[PDB]
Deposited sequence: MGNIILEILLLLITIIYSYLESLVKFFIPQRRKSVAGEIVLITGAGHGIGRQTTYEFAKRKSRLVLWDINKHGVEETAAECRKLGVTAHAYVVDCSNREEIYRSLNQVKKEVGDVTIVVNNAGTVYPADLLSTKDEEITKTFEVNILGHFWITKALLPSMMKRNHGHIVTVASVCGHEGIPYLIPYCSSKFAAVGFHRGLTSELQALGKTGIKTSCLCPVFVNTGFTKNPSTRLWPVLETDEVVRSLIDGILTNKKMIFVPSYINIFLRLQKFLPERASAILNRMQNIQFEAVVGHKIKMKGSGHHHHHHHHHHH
């Protein structure tokens, strides 16, 4: 039953996870400057996107804000002006491929070539698979993953030429494990994780060392995106603090909280029937 092999792999995962916390704590990493960088933040009209925007504004980055909610993106750009940075706000629908391209040409003309992309815009329609609407399933994929492909394909050429860039994919713990009443959302978030993992490998194979990639995978955050969790509740400030620390230290996989990867790692040692029961309990 590969029991000896599996006990040794369990101990290695545990020892490695322990050493990973030690290094995180005792060996502090150098943290880069994002000042002057052209930062595009999608879904910047609320929550994680709005707070992330303010962290870049504080660090004197050049900002390009995108969101479908015209009032929200304008409200974020107004607070950026108070923080000392005049942001370039646009109301762009990240589900639309043509709209993304048209708006990125406007960004090239008015602002310049984007250097850091935070693909934060996302959508969810909680329901059991048989109660879902097919239009909503398509929309979940168009925003949560297909939009990432079109924004990256458009901005990547300049980053490749310069061997300098940063692609931030905002995925979720739902990109690592599936949960009830969120099947299309988990599937689209798994695709976002896969996009980041593949992009990271391809840039490495192409020798584009200077183009960094980061993937944000937080647990339930109190932003109104969803009203209640599936399996503590995070505050937006903690997530943004972890995201900025990860971007500046070129962290590839940013779990929020950092230790949730221990749970995810240990679950790989369980049958799927057991892990599914596990993520459905409330003791």
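- Of the deposited sequence, positions 1, 233 to 235, 288 to 315 lack any modelled C-alpha atom.
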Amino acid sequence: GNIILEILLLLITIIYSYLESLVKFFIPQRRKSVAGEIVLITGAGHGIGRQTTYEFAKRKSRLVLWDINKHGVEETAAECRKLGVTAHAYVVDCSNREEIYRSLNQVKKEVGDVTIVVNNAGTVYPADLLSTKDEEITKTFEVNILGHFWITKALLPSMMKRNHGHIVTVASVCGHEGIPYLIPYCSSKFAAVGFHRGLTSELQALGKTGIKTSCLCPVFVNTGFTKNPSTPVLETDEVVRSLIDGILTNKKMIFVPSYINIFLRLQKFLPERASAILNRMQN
From here on, numbers count along this sequence of modelled residues.
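- In this entry, the higher average B-factor at the C-alpha atoms falls on 82 to 90, of the pair 125 to 133 and 82 to 90.
- Mean CA B-factor, 184 to 192 versus 162 to 170: the higher value falls on 162 to 170.
- The PDB entry gives the largest Cα B-factor of the residues 208, 176, 139, 197 to 208.
- Among the modelled residues of its chain, residue 116 has a C-alpha B-factor that falls in the middle third, as given in the PDB entry.
- Residue 145: CA B factor in the lowest third of modelled residues in this chain (values from the PDB entry).
- Among the modelled residues of its chain, residue 31 has a C-alpha B-factor that falls in the highest third, as given in the PDB entry.
- Split the chain's modelled residues into thirds by C-alpha temperature factor. Residue 270 is in the middle one.
- Among all modelled residues in this chain, the alpha-carbon of residue 223 has a temperature factor (C-alpha) in the lowest third.
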